[PDB]
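Trainee: There's a structure below that I have some questions on.
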Amino acid sequence: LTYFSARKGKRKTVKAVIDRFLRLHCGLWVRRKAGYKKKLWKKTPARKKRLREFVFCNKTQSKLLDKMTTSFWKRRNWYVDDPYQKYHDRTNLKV
Amino acid sequence: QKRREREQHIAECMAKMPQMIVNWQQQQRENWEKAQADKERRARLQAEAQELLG
Amino acid sequence: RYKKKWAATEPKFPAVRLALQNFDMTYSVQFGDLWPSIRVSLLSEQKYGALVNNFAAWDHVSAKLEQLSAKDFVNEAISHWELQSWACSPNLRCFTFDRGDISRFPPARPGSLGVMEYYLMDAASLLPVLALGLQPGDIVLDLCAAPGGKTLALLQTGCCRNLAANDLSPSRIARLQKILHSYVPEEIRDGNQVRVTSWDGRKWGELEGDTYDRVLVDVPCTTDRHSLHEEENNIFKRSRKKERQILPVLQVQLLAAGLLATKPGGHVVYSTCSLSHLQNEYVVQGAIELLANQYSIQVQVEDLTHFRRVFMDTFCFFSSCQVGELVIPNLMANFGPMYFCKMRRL
Amino acid sequence: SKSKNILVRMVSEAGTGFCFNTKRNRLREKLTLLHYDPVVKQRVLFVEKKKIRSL
Amino acid sequence: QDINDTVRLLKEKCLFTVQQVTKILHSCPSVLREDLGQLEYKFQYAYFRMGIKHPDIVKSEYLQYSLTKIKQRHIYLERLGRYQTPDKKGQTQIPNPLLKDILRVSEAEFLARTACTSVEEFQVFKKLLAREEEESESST
RNA sequence: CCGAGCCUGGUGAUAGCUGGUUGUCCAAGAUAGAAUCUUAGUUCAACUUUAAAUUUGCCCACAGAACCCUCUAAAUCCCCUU
RNA sequence: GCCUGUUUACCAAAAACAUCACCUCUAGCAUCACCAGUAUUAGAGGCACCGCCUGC
RNA sequence: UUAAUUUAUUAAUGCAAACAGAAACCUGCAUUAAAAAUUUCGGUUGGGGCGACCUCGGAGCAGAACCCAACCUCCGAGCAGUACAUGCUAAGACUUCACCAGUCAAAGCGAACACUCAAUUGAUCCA
Ligand SMILES: C[S@@+](CC[C@H](N)C(=O)[O-])C[C@H]1O[C@@H](n2cnc3c(N)ncnc32)[C@H](O)[C@@H]1O
Ligand SMILES: [K+]
Ligand SMILES: [K+]
Ligand SMILES: [Mg+2]
Ligand SMILES: [Mg+2]
Ligand SMILES: [Mg+2]
Ligand SMILES: [Mg+2]
Ligand SMILES: [Mg+2]
Ligand SMILES: [Mg+2]
Ligand SMILES: [Mg+2]
Ligand SMILES: [Mg+2]
Ligand SMILES: [Mg+2]
Ligand SMILES: [Mg+2]
Ligand SMILES: [Mg+2]
């Protein structure tokens with residue numbers, strides 16, 4: 001990671017994280033399952049069912065991805081007809 | 001136009017589909033039936049061998 | 001600490017070259033002028049005989065093979081029994097080509113019954129099954145039956161009500177199950193008629209004494225055909241040199257155990273796919289002395305000279321064998337090498 | 001490691017474009033199965049068109 | 001340039017002496033008509049697999065004979081064990097038959113003097129060898 | 001100080017390696033592992049620290065945890081009271 | 001080891017290298033080398049003078 | 001050096017170009033070599049060798065919840081077969097001591113009237 005750029009002197013964003021992950025404004029990171037398109041003929045329907053699901057990264061992984069991206073990706077967006085719009089905020093959350 | 005052509009194509013194929021299923025199901029029974037006759041014929045040929053022993 | 005700066009290192013030979021060198025020294029003296037003729041046949045691809053699956057449409061397959069000019073040597077040999085004058089295991093149909101013909105059979109195609117029409121196997125490997133003289137209602141025990149070159153032939157006869165197929169290697173056993181499943185219909189294998197196990201053959205000399213009338217024993221040995229071509233799991237590599245040294249010992253032990261397993265008055269055929277006389281006749285003589293000295297068991301080796309003359313047309317036989325019969329490969333008849341010896345228990 | 005079976009692709013005869021992959025033995029005729037088609041929500045005939053690979 | 005490539009291949013790729021090249025061309029005129037790839041393959045077969053050095057090739061008229069008959073005769077002798085490929089040092093276990101004996105003499109004489117096999121056996125080997133050659137070309 | 005001269009520059013080359021790492025006082029504070037061209041390292045977990053929130057935590061009475069298996073083992077896990 | 005000669009300046013002077021002699025390889029020719037030369041010449045090598053030796 | 005990656009460079013041919021009327025020089029694009037350039041030398045174990053080993057599963061050590069190591073003590077696995085709703089979805093849990101992966105699953109929709117197997121497997125990018 002480049003903490004200070006050579007032409008602007010500011011932190012950069014790793015484009016590997018952006019393409020492979022989605023960040024909700026609540027802080028959660030949504031990713032895909034590694035291997036949801038690989039050798040589907042030898043996998044049971046139950047196994048394939050959880051491979052094509054979107055899962056949340058844990059605390060350690062989420063903290064790692066917050067340092068590899070700049071604040072432009074942590075801002076709140078208001079896209080029209082956003083499939084993940086309802087998941088940008090937590091409800092009935094304690095502690 | 002593309003949606004209607006696909007819908008018409010699906011409807012046209014599904015029109016013949018019940019007849020195709022019956023023909024396919026009928027052929028599967030016939031193919032097994034031909035093999036079953038061969039199984040009986042094998043016993044008949046093996047019955048000839050028993051005749052030779054006797 | 002290991003020393004990696006040796007003054008002289010033995011040059012690395014391929015396992016094929018290692019097998020060729022050992023065979024060249026031993027077999028040149030044993031066979032004399034016939035070794036060069038044998039050697040070319042070993043290096044050339046062996047001819048494959050088409051064994052008709054009796055469970056499938058055998059009559060239709062026979063007609064199909066006749067179109068490819070295939071000739072049933074088994075049927076020809078049966079008519080030769082009276083011409084020359086225990087007989088042999090009946091209900092076997094194997095089609096091969098003419099002497100000197102290089103035509104290869106097409107791959108087998110499953111029939112209407114869902115089973116393969118025929119099995120492709122060496123024609124020299126069918127002789128031990130024929131020499132076994134199988135009869136209906138008998139109980140047949142096969143040691144080292146996997147992958148099933150001779151195991152499948154026994155079921156084609158239909159003379160074995162109960163079969164005990166045992167091979168030490170489970171990987172070979174797994175191949176045997178698939179071959180039986182693809183060829184033999186499930187109804188026969190449904191019951192206890194075919195028993196496929198994976199245990200040491202030495203155990204069969206104690207667990208089942210006098211249980212079986214006909215026992216076929218094909219002990220593991222240095223396969224001349226496979227060693228000179230295959231590069232995987234070759235017995236002639238340096239790591240497996242220890243196994244080759246103890247190989248004749250296992251051949252004596254496994255054969256002796258099978259002899260204990262058979263009932264007195266039964267027939268035991270010893271089969272080996274090799275040309276080395278130190279593993280063909282000496283093993284047979286080793287087992288005979290082993291039984292008499294340790295368990296006081298006497299066996300009689302039958303004469304295969306009558307059997308030799310019947311297949312002389314389609315097979316090449318070596319006429320300088322003390323006890324067993326050795327079928328040497330030839331350019332015209334590429335079947336072999338095969339060594340089979342028949343002994344009965346008294 | 002001889003390829004005893006092969007992986008083939010079955011195409012629906014209803015024209016819906018639905019397809020699924022199945023495993024079949026190499027030495028066998030092309031399969032003609034009766035599989036469920038989610039597009040029409042009923043079982044429809046399928047026919048083998050192209051072999052994908054060897055297993 | 002067709003002549004230029006042939007002699008250059010002999011002098012550079014085959015590394016034949018200029019004196020040897022003159023004797024080769026006078027003795028064997030079929031070299032010019034032969035394709036460069038087959039000519040190079042024919043030469044290296046004698047040098048490596050057979051073990052024949054440059055002076056012996058020129059004197060024995062190796063290049064004039066067809067490639068196919070060389071393959072049939074050499075491999076059969078090699079499989080017979082009569083012919084042993086020289087090792088790294090150049091020594092051989094059993095002295096090889098003379099090269100002129102293998103090639104110059106007729107097929108019937110070739111079997112009798114060296115192979116010591118029946119005529120029928122050699123006929124089967126050629127068909128078997130051609131199948132292996134046919135498979136070898138397809139695999140490559 | 002020639003298995004590739006010397007000098008200058010790139011150059012504050014790089015070194016998972018060696019050495020060093022400067023005032024006072026108090027407090028908490030040690031040994032499960034996994035992956036690794038990796039076992040002289042690093043990452044994660046375990047452990048440890050501070051802050052914060054909350055309510056149970058530890059100890060443990062019966063009951064309860066397999067047969068082919070009598071080394072018919074010492075003893076655990078679970079666990080209200082306390 | 002033919003010989004005189006040469007080499008590790010600063011741990012090896014030698015059986016090592018070179019050396020006449022012999023052998024192999026390459027080249028048919030001008031105007032800065034080879035060369036102001038031309039197959040009895042030039043270059044690239046091996047061996048180390050000289051003398052002697054079979055089988056086939 | 002028959003390690004990998006290249007022919008820029010050099011030389012020899014081919015074509016295009018350019019010419020005369022045929023050719024050469026030059027230039028571009030190729031194919032052959034030549035001579036070089038860049039870079040690397042997987043770990044584990046083994047003093048008298050001519051190698052074995054690296055992933056996954058079961059049994060003993062590890063006797064009774066779980067876990068628990070070798071140079072350990074033993075056997076294997078890199079499949080096949082039957083299905084063709086081996087369809088679509090969804091509470092609550094397990095988890096090989098992390099992660100990645102892996103496993104079970106009520107209800108519901110739709111049909112019938114979570115296949116066997118201890119292992120039988122390969123991520124991302126890319127095509
Ligand atoms: C040369 S093969 C013979 C194959 C088979 N009998 C045939 O002819 O088709 C010998 C087989 O014996 C098996 N084998 C080796 N050792 C064995 C043993 N100790 N007990 C039983 N079988 C053994 C090996 O798996 C090997 O595949
Ligand atoms: K390190
Ligand atoms: K000096
Ligand atoms: Mg200096
Ligand atoms: Mg530094
Ligand atoms: Mg303290
Ligand atoms: Mg790696
Ligand atoms: Mg001197
Ligand atoms: Mg003098
Ligand atoms: Mg000095
Ligand atoms: Mg000195
Ligand atoms: Mg010298
Ligand atoms: Mg670079
Ligand atoms: Mg876990």
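Naming works like this for the structure tokens: A, B, ... for the chains as they're shown, residue 1 at the start of each chain, ligands 1 onward in shown order.
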Neighbours of range 35-47 of chain H within 6 Å (only C-alpha atoms (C1' of nucleotides); same-chain residues fewer than 4 positions away dropped), as JSON, numbers by chain?
Mentor: {"C": [1, 2], "F": [37]}
Trainee: Using only C-alpha atoms (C1' of nucleotides) and all ligand atoms, find each protein or nucleic acid residue lying at most 12 Å from ligand 10; present the set as a list in words.
Mentor: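 These are the residues that qualify: residues 7, 8, 9, 10, 11, 12 and 13 of chain G.
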Trainee: How would you write, as a count of residues only, the set of residues no farther than 8 Å from ligand 8 when counting only C-alpha atoms (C1' of nucleotides) and all ligand atoms?
Mentor: 3
Trainee: Residues of chain C near chain E: apply a cut-off of 10 Å, count only C-alpha atoms, and supply the list as a PyMOL selection string.
Mentor: chain C and resi 24+33-45+99-103+330-333
Trainee: Can you list, as a PyMOL selection string, every protein, DNA or RNA residue that comes within 12 Å of residue 40 in chain B when you count only C-alpha atoms (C1' of nucleotides), leaving out same-chain residues fewer than 4 positions away?
Mentor: (chain B and resi 33-36+44-47) or (chain C and resi 55-57+113)
Trainee: Could you take the residues named above and write them with N, CA and C atoms, as a PDB file, in the first residue's frame?
Mentor:
ATOM      1  N   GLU B  33     -37.621 -53.691 -23.912  1.00  0.00           N
ATOM      2  CA  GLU B  33     -38.366 -54.875 -24.325  1.00  0.00           C
ATOM      3  C   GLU B  33     -37.562 -55.721 -25.305  1.00  0.00           C
ATOM      4  N   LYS B  34     -36.864 -55.073 -26.242  1.00  0.00           N
ATOM      5  CA  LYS B  34     -36.020 -55.810 -27.178  1.00  0.00           C
ATOM      6  C   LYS B  34     -34.898 -56.540 -26.450  1.00  0.00           C
ATOM      7  N   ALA B  35     -34.278 -55.882 -25.468  1.00  0.00           N
ATOM      8  CA  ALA B  35     -33.246 -56.538 -24.672  1.00  0.00           C
ATOM      9  C   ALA B  35     -33.827 -57.691 -23.862  1.00  0.00           C
ATOM     10  N   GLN B  36     -35.035 -57.510 -23.322  1.00  0.00           N
ATOM     11  CA  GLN B  36     -35.674 -58.576 -22.558  1.00  0.00           C
ATOM     12  C   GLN B  36     -35.927 -59.796 -23.433  1.00  0.00           C
ATOM     13  N   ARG B  44     -32.938 -69.606 -24.393  1.00  0.00           N
ATOM     14  CA  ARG B  44     -33.255 -70.601 -25.411  1.00  0.00           C
ATOM     15  C   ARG B  44     -31.989 -71.178 -26.030  1.00  0.00           C
ATOM     16  N   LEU B  45     -31.009 -70.322 -26.331  1.00  0.00           N
ATOM     17  CA  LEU B  45     -29.732 -70.811 -26.839  1.00  0.00           C
ATOM     18  C   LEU B  45     -29.005 -71.643 -25.791  1.00  0.00           C
ATOM     19  N   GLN B  46     -29.039 -71.205 -24.531  1.00  0.00           N
ATOM     20  CA  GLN B  46     -28.486 -72.007 -23.448  1.00  0.00           C
ATOM     21  C   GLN B  46     -29.276 -73.288 -23.215  1.00  0.00           C
ATOM     22  N   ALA B  47     -30.572 -73.292 -23.533  1.00  0.00           N
ATOM     23  CA  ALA B  47     -31.341 -74.529 -23.473  1.00  0.00           C
ATOM     24  C   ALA B  47     -30.845 -75.529 -24.509  1.00  0.00           C
TER      25      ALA B  47
ATOM     26  N   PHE C  55     -22.586 -63.344 -21.170  1.00  0.00           N
ATOM     27  CA  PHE C  55     -23.796 -62.744 -20.618  1.00  0.00           C
ATOM     28  C   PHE C  55     -24.467 -61.820 -21.626  1.00  0.00           C
ATOM     29  N   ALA C  56     -23.681 -61.187 -22.495  1.00  0.00           N
ATOM     30  CA  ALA C  56     -24.234 -60.329 -23.536  1.00  0.00           C
ATOM     31  C   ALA C  56     -24.673 -61.165 -24.732  1.00  0.00           C
ATOM     32  N   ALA C  57     -25.006 -60.505 -25.842  1.00  0.00           N
ATOM     33  CA  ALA C  57     -25.442 -61.198 -27.055  1.00  0.00           C
ATOM     34  C   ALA C  57     -24.220 -61.834 -27.710  1.00  0.00           C
ATOM     35  N   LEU C 113     -28.212 -54.884 -23.325  1.00  0.00           N
ATOM     36  CA  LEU C 113     -28.322 -55.235 -21.915  1.00  0.00           C
ATOM     37  C   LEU C 113     -27.598 -54.254 -21.003  1.00  0.00           C
TER      38      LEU C 113
END
Trainee: Give the residues of chain D that lie within 12 Å of chain C; count only C-alpha atoms, and format the answer as a compact mmCIF listing (two decimals) with N, CA and C atoms, in the first residue's frame.
Mentor:
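See selection_24.txt below for the written result:
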# COMPACT_ATOMS: atom_id res chain seq x y z
N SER D 1 -5.19 -43.40 -15.54
CA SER D 1 -6.31 -42.49 -15.34
C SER D 1 -7.11 -42.32 -16.63
N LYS D 2 -7.55 -43.43 -17.19
CA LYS D 2 -8.31 -43.39 -18.43
C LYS D 2 -9.67 -42.73 -18.21
N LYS D 4 -13.04 -42.75 -18.31
CA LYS D 4 -14.15 -43.68 -18.51
C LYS D 4 -15.43 -42.94 -18.86
N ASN D 25 -21.23 -42.10 -19.61
CA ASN D 25 -20.15 -42.94 -20.08
C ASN D 25 -19.80 -42.60 -21.52
N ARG D 26 -18.51 -42.71 -21.85
CA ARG D 26 -18.04 -42.38 -23.19
C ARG D 26 -18.63 -43.32 -24.23
N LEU D 27 -18.55 -44.62 -23.98
CA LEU D 27 -19.03 -45.63 -24.92
C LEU D 27 -20.53 -45.81 -24.73
N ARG D 28 -21.28 -44.83 -25.21
CA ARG D 28 -22.73 -44.84 -25.07
C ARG D 28 -23.32 -43.85 -26.06
N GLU D 29 -24.57 -44.08 -26.43
CA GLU D 29 -25.26 -43.17 -27.33
C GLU D 29 -25.56 -41.85 -26.61
Trainee: Find the residues around range 67-81 of chain A up to 12 Å (only C-alpha atoms (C1' of nucleotides) counted), leave out those fewer than 6 positions away in its own chain, and share them as a PyMOL selection string.
Mentor: chain A and resi 1-3+10-19+21-29+60-61+87-89
Trainee: Would you output that residue set with N, CA and C atoms, as a short mmCIF file (atom, residue, chain, number, x, y, z; two decimals), in the first residue's frame?
Mentor:
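Result written to selection-v6.cif:
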data_model
loop_
_atom_site.label_atom_id
_atom_site.label_comp_id
_atom_site.auth_asym_id
_atom_site.auth_seq_id
_atom_site.Cartn_x
_atom_site.Cartn_y
_atom_site.Cartn_z
N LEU A 1 0.82 -1.20 0.00
CA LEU A 1 0.00 0.00 0.00
C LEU A 1 0.86 1.26 0.00
N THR A 2 0.48 2.24 -0.81
CA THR A 2 1.18 3.51 -0.89
C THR A 2 0.52 4.48 0.09
N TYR A 3 1.20 4.73 1.21
CA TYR A 3 0.66 5.63 2.22
C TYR A 3 0.78 7.09 1.80
N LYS A 10 -0.67 11.69 -0.91
CA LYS A 10 -1.87 11.23 -0.21
C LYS A 10 -2.00 9.72 -0.36
N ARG A 11 -2.80 9.13 0.53
CA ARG A 11 -2.98 7.69 0.55
C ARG A 11 -3.72 7.23 -0.71
N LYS A 12 -3.33 6.06 -1.21
CA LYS A 12 -3.94 5.47 -2.39
C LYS A 12 -4.87 4.32 -2.00
N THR A 13 -5.64 3.86 -2.98
CA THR A 13 -6.58 2.77 -2.81
C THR A 13 -6.13 1.57 -3.64
N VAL A 14 -6.12 0.40 -3.01
CA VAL A 14 -5.78 -0.84 -3.71
C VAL A 14 -7.00 -1.26 -4.52
N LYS A 15 -6.86 -1.28 -5.84
CA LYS A 15 -7.97 -1.61 -6.73
C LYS A 15 -8.36 -3.08 -6.67
N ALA A 16 -7.52 -3.94 -6.10
CA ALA A 16 -7.89 -5.33 -5.92
C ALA A 16 -9.04 -5.47 -4.93
N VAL A 17 -9.04 -4.64 -3.88
CA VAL A 17 -10.12 -4.69 -2.89
C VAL A 17 -11.43 -4.19 -3.50
N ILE A 18 -11.37 -3.10 -4.27
CA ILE A 18 -12.58 -2.48 -4.77
C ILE A 18 -13.33 -3.42 -5.71
N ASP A 19 -12.60 -4.09 -6.60
CA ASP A 19 -13.26 -4.95 -7.58
C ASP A 19 -13.87 -6.18 -6.91
N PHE A 21 -14.78 -6.62 -3.60
CA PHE A 21 -15.55 -6.44 -2.38
C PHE A 21 -16.53 -5.29 -2.53
N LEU A 22 -17.57 -5.32 -1.71
CA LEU A 22 -18.55 -4.25 -1.60
C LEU A 22 -18.67 -3.86 -0.14
N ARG A 23 -18.60 -2.56 0.14
CA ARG A 23 -18.67 -2.05 1.51
C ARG A 23 -20.00 -1.36 1.72
N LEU A 24 -20.74 -1.80 2.74
CA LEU A 24 -21.92 -1.08 3.17
C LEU A 24 -21.54 0.02 4.14
N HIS A 25 -22.34 1.10 4.15
CA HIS A 25 -22.01 2.25 4.97
C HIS A 25 -22.04 1.94 6.46
N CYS A 26 -22.74 0.87 6.86
CA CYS A 26 -22.75 0.48 8.27
C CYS A 26 -21.40 -0.06 8.73
N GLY A 27 -20.48 -0.31 7.80
CA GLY A 27 -19.17 -0.84 8.12
C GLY A 27 -18.93 -2.26 7.66
N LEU A 28 -19.98 -3.00 7.33
CA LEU A 28 -19.82 -4.37 6.87
C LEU A 28 -19.26 -4.41 5.46
N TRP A 29 -18.52 -5.47 5.16
CA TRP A 29 -17.98 -5.71 3.83
C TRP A 29 -18.61 -6.98 3.27
N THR A 60 -11.65 -8.87 11.66
CA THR A 60 -10.26 -8.73 11.23
C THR A 60 -10.17 -8.39 9.75
N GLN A 61 -10.96 -9.08 8.92
CA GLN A 61 -10.93 -8.81 7.49
C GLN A 61 -11.49 -7.43 7.17
N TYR A 87 -29.45 -2.23 3.03
CA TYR A 87 -28.46 -2.84 3.91
C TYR A 87 -27.38 -1.87 4.36
N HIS A 88 -27.51 -0.58 4.08
CA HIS A 88 -26.49 0.40 4.42
C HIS A 88 -26.58 0.89 5.86
N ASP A 89 -27.58 0.43 6.62
CA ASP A 89 -27.73 0.86 8.00
C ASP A 89 -28.27 -0.29 8.83
#
Trainee: Write out as a list in words each polymer residue whose atoms come within 9 Å of range 17-22 of chain E, counting only C-alpha atoms (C1' of nucleotides); drop sequence neighbours fewer than 5 positions from it.
Mentor: residues 7, 10, 11, 27, 54, 55, 58 and 59 of chain E; 25 of chain G
